[PDB]
Every structure is written in structure tokens, then in C-alpha cells.
file target09.csv (CSV, C-alpha atoms)
chain,number,residue,atom,x,y,z
S,1,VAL,CA,-7.7,6.4,46.5
S,2,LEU,CA,-7.6,9.6,44.4
S,3,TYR,CA,-4.4,8.3,42.8
S,4,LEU,CA,-6.6,5.3,41.8
S,5,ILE,CA,-8.5,7.3,39.2
S,6,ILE,CA,-5.2,8.5,37.8
S,7,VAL,CA,-4.9,4.9,36.6
S,8,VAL,CA,-8.3,4.4,34.9
S,9,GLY,CA,-8.1,7.6,32.8
S,10,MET,CA,-5.1,5.9,31.1
S,11,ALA,CA,-7.5,3.4,29.6
S,12,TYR,CA,-9.8,6.3,28.5
S,13,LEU,CA,-6.8,7.8,26.8
S,14,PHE,CA,-5.9,4.5,25.1
S,15,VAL,CA,-9.2,4.6,23.2
S,16,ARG,CA,-8.6,8.2,22.1
S,17,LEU,CA,-5.1,7.5,20.8
S,18,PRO,CA,-5.1,5.8,17.4
S,19,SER,CA,-2.6,3.4,15.9
S,20,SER,CA,-0.3,3.7,12.9
S,21,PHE,CA,3.1,2.1,11.9
S,22,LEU,CA,5.5,4.7,10.4
S,23,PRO,CA,5.0,8.4,9.5
S,24,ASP,CA,5.4,9.9,6.1
S,25,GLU,CA,8.6,11.9,5.7
S,26,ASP,CA,9.6,14.8,3.4
S,27,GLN,CA,11.9,13.1,0.9
S,28,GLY,CA,11.6,16.0,-1.6
S,29,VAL,CA,10.6,13.8,-4.5
S,30,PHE,CA,7.1,12.5,-5.2
S,31,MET,CA,5.0,10.8,-7.8
S,32,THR,CA,1.8,11.3,-9.8
S,33,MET,CA,-0.1,8.7,-11.8
S,34,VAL,CA,-2.5,9.0,-14.8
S,35,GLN,CA,-5.0,6.3,-15.8
S,36,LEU,CA,-7.3,6.5,-18.8
S,37,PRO,CA,-10.4,4.7,-19.9
S,38,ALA,CA,-9.8,1.4,-21.6
S,39,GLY,CA,-9.3,1.3,-25.4
S,40,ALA,CA,-7.5,4.7,-25.5
S,41,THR,CA,-4.4,5.6,-27.6
S,42,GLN,CA,-0.9,6.8,-26.9
S,43,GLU,CA,-1.6,10.3,-28.2
S,44,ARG,CA,-4.4,10.9,-25.7
S,45,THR,CA,-2.3,10.0,-22.6
S,46,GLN,CA,0.7,11.9,-24.1
S,47,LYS,CA,-1.5,15.0,-24.3
S,48,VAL,CA,-2.8,14.5,-20.8
S,49,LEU,CA,0.8,14.2,-19.5
J,1,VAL,CA,15.1,17.1,23.1
J,2,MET,CA,14.0,20.8,23.1
J,3,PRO,CA,15.3,21.3,19.5
J,4,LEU,CA,13.6,18.0,18.4
J,5,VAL,CA,10.1,19.0,19.4
J,6,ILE,CA,10.1,22.1,17.2
J,7,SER,CA,11.4,21.2,13.7
J,8,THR,CA,10.1,21.5,10.1
J,9,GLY,CA,13.1,20.3,8.1
J,10,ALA,CA,13.9,16.9,6.6
J,11,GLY,CA,13.0,13.9,8.8
J,12,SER,CA,10.9,16.1,11.1
J,13,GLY,CA,8.2,13.6,11.9
J,14,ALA,CA,10.4,11.1,13.6
J,15,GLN,CA,12.2,13.6,15.8
J,16,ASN,CA,8.9,15.3,16.7
J,17,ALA,CA,7.4,12.0,17.7
J,18,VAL,CA,10.4,10.8,19.8
J,19,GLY,CA,10.8,14.1,21.5
J,20,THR,CA,7.2,14.6,22.4
J,21,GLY,CA,6.8,11.0,23.6
J,22,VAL,CA,9.8,11.2,25.8
J,23,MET,CA,9.2,14.7,27.2
J,24,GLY,CA,5.6,14.2,28.0
J,25,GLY,CA,6.3,11.1,30.1
J,26,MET,CA,9.3,12.7,31.8
J,27,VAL,CA,7.7,15.9,32.9
J,28,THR,CA,5.1,14.0,34.9
J,29,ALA,CA,7.6,11.3,35.9
J,30,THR,CA,9.8,13.9,37.6
J,31,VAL,CA,7.2,16.1,39.2
J,32,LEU,CA,4.9,13.4,40.6
J,33,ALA,CA,7.0,10.4,41.5
J,34,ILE,CA,8.7,12.3,44.3
J,35,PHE,CA,5.4,12.8,46.1
J,36,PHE,CA,4.1,9.3,45.3
J,37,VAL,CA,6.8,6.7,45.9
J,38,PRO,CA,7.0,7.3,49.7
J,39,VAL,CA,3.2,6.6,50.1
J,40,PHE,CA,3.6,3.5,48.0
J,41,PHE,CA,6.6,2.4,50.1
J,42,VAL,CA,4.8,2.8,53.4
J,43,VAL,CA,1.7,1.1,52.1
J,44,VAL,CA,3.6,-1.9,50.8
J,45,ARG,CA,5.6,-2.1,54.0
J,46,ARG,CA,2.5,-1.9,56.3
J,47,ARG,CA,0.8,-4.9,54.7
T,1,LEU,CA,-4.4,-43.2,-44.5
T,2,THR,CA,-1.4,-43.5,-42.3
T,3,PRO,CA,-0.7,-42.6,-38.6
T,4,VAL,CA,1.8,-40.0,-39.7
T,5,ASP,CA,-1.0,-38.2,-41.5
T,6,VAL,CA,-3.2,-38.3,-38.4
T,7,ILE,CA,-0.3,-36.8,-36.3
T,8,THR,CA,0.3,-34.1,-38.9
T,9,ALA,CA,-3.4,-33.1,-39.0
T,10,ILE,CA,-3.8,-33.1,-35.2
T,11,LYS,CA,-0.7,-30.9,-35.0
T,12,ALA,CA,-1.9,-28.6,-37.7
T,13,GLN,CA,-5.5,-27.9,-36.6
T,14,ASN,CA,-5.0,-28.0,-32.9
T,15,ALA,CA,-2.5,-25.1,-32.4
T,16,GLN,CA,-2.1,-21.6,-30.9
T,17,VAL,CA,-1.5,-18.6,-33.1
T,18,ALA,CA,-0.4,-15.1,-32.1
T,19,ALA,CA,-2.0,-12.4,-34.2
T,20,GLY,CA,-1.3,-9.0,-32.6
T,21,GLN,CA,-3.0,-5.7,-31.9
T,22,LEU,CA,-5.2,-3.2,-33.9
T,23,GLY,CA,-3.5,0.1,-33.4
T,24,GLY,CA,0.0,-1.0,-32.3
T,25,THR,CA,3.1,1.0,-31.8
T,26,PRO,CA,4.4,3.0,-33.6
T,27,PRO,CA,1.0,4.6,-34.5
T,28,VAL,CA,0.0,7.2,-37.1
T,29,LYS,CA,-1.2,10.6,-35.8
T,30,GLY,CA,-5.0,10.5,-35.5
T,31,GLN,CA,-5.6,7.1,-34.0
T,32,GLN,CA,-8.2,6.2,-31.3
T,33,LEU,CA,-8.3,2.3,-31.1
T,34,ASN,CA,-5.9,-0.1,-29.3
T,35,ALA,CA,-7.8,-3.4,-29.4
T,36,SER,CA,-6.2,-6.8,-29.4
T,37,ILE,CA,-6.6,-9.8,-31.8
T,38,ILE,CA,-7.5,-13.4,-31.1
T,39,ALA,CA,-6.6,-15.9,-33.9
T,40,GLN,CA,-7.1,-19.5,-32.9
T,41,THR,CA,-7.9,-21.4,-29.7
T,42,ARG,CA,-7.0,-24.9,-28.7
T,43,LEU,CA,-9.9,-27.5,-28.9
T,44,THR,CA,-11.7,-28.2,-25.6
T,45,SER,CA,-14.4,-30.9,-26.0
T,46,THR,CA,-14.1,-34.3,-27.4
T,47,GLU,CA,-16.6,-33.5,-30.2
T,48,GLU,CA,-14.3,-30.8,-31.5
T,49,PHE,CA,-11.5,-33.3,-31.7
T,50,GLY,CA,-13.9,-35.6,-33.4
call {"tool": "encode", "arguments": {"input": "target09.csv", "output": "C-alpha cells"}}
result
Amino acid sequence: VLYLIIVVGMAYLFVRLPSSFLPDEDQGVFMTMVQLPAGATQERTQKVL
Amino acid sequence: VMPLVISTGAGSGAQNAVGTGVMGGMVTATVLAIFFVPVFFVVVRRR
Amino acid sequence: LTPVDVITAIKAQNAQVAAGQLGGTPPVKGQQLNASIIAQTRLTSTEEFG
């Protein structure tokens, strides 16, 4: 009967454990993006870059 | 899987996840099934 | 009048025109506007065609 509760705690654990699909790995190369208010010019974004 | 569980190099996340997920199940599957399956067998045979 | 004239007129004053941009590339140093331009739009209602 004690072994019985060994089962139910599993369900308690299933709530605690979240769900994802695929981890993020260290590829060594990453990206960065710059977005400016509309109506701007090429010089402004070039200076920001 | 001992080297897998402790890694920080390239592709570390996948080996970490696989090693932990396997070792955590196995440590309890080897230390508790020996003391549990005879009780299960005798109970299932009695009924 | 002739039907050819009607066809020519309806072709001429129901058309699409591409104008461009105010502040296009290449720009001159010291520019701060990059708006677009709208030139002509196709007729929509029957009264406009009338």
C-alpha cells in the first residue's frame, strides 16, 4: 500500500515538469537586429549600426 | 554517461538532457526493482 | 466621334502610374525623409467612369 503513493507522486511531478521541444545550442555565431522609427533615413541606421 | 552529465562544450544541452534522463531513471530502476518485483509476482500469482 | 477614340480615352485616363520615392537611394548627406509617392489610381465607381 505504501508503494501505492509512489505512483501518485508521479502525477504531482508531471505538473511540476514543463514542456519544450528542442534546446538552444551554442553554435558560436549569433545575430542582432536594429529597427528604427518609420520615415527614417539610411544615414541614421548606418550610424546606429 | 558520466562524461555526458558534466559538459560545457559544443552541443552540451543534448548530451546533458540525455544523460540525466537516462541515469535518473536507471539509478532507481536498479536499486528498487529487485525489492519490488517478487512482491508483485506473488501478489499476481495469489489472485 | 468614333469607338477608337473612346477606347483610346478609356485607356489613357484609367491607368496606373509609378512615381517613386522622396529621398531615394543614393541619397545626399544630410537627409531625413524617405516617403513614397502616389501618382494615379484606377477608377472605382461608375460615376468616375461617367
call {"tool": "atom_distance", "arguments": {"input": "target09.csv", "atom1": "CA of residue 3 in chain J", "atom2": "CA of residue 27 in chain J"}}
result
16.3 Å
call {"tool": "residues_around", "arguments": {"input": "target09.csv", "residues": "residue 10 in chain J", "least_positions_apart": "6", "cutoff": "9 Å", "atoms": "all atoms listed in the file", "output": "PDB file with C-alpha atoms, in the coordinates of the input"}}
result
ATOM      1  CA  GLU S  25       8.600  11.900   5.700  1.00  0.00           C
ATOM      2  CA  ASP S  26       9.600  14.800   3.400  1.00  0.00           C
ATOM      3  CA  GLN S  27      11.900  13.100   0.900  1.00  0.00           C
ATOM      4  CA  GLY S  28      11.600  16.000  -1.600  1.00  0.00           C
TER       5      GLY S  28
END
call {"tool": "residues_around", "arguments": {"input": "target09.csv", "residues": "residue 31 in chain T", "least_positions_apart": "3", "cutoff": "12 Å", "atoms": "only C-alpha atoms", "output": "list in words"}}
result
residues 39, 40, 41, 42, 43 and 44 of chain S; 22, 23, 24, 25, 26, 27, 28, 34 and 35 of chain T
call {"tool": "residues_near_point", "arguments": {"input": "target09.csv", "point": "(9.9, 13.8, 15.7)", "cutoff": "12 Å", "atoms": "only C-alpha atoms", "output": "list in words"}}
result
residues 22, 23, 24 and 25 of chain S; 1, 2, 3, 4, 5, 6, 7, 8, 9, 10, 11, 12, 13, 14, 15, 16, 17, 18, 19, 20, 21, 22 and 23 of chain J
call {"tool": "atom_distance", "arguments": {"input": "target09.csv", "atom1": "CA of residue 33 in chain J", "atom2": "CA of residue 11 in chain S"}}
result
20.0 Å
call {"tool": "atom_distance", "arguments": {"input": "target09.csv", "atom1": "CA of residue 47 in chain T", "atom2": "CA of residue 5 in chain T"}}
result
19.8 Å
call {"tool": "closest_residue", "arguments": {"input": "target09.csv", "among": "T:20, T:3, T:50, T:30", "to": "chain S", "atoms": "all atoms listed in the file"}}
result
T:30
call {"tool": "closest_residue", "arguments": {"input": "target09.csv", "among": "S:49, S:38, S:29, S:15", "to": "chain J", "atoms": "only C-alpha atoms"}}
result
S:29
call {"tool": "residues_around", "arguments": {"input": "target09.csv", "residues": "residue 3 in chain S", "least_positions_apart": "2", "cutoff": "12 Å", "atoms": "all atoms listed in the file", "output": "NGL selection string"}}
result
(:S and (1 or 5-10)) or (:J and (32-33 or 35-37 or 39-40))
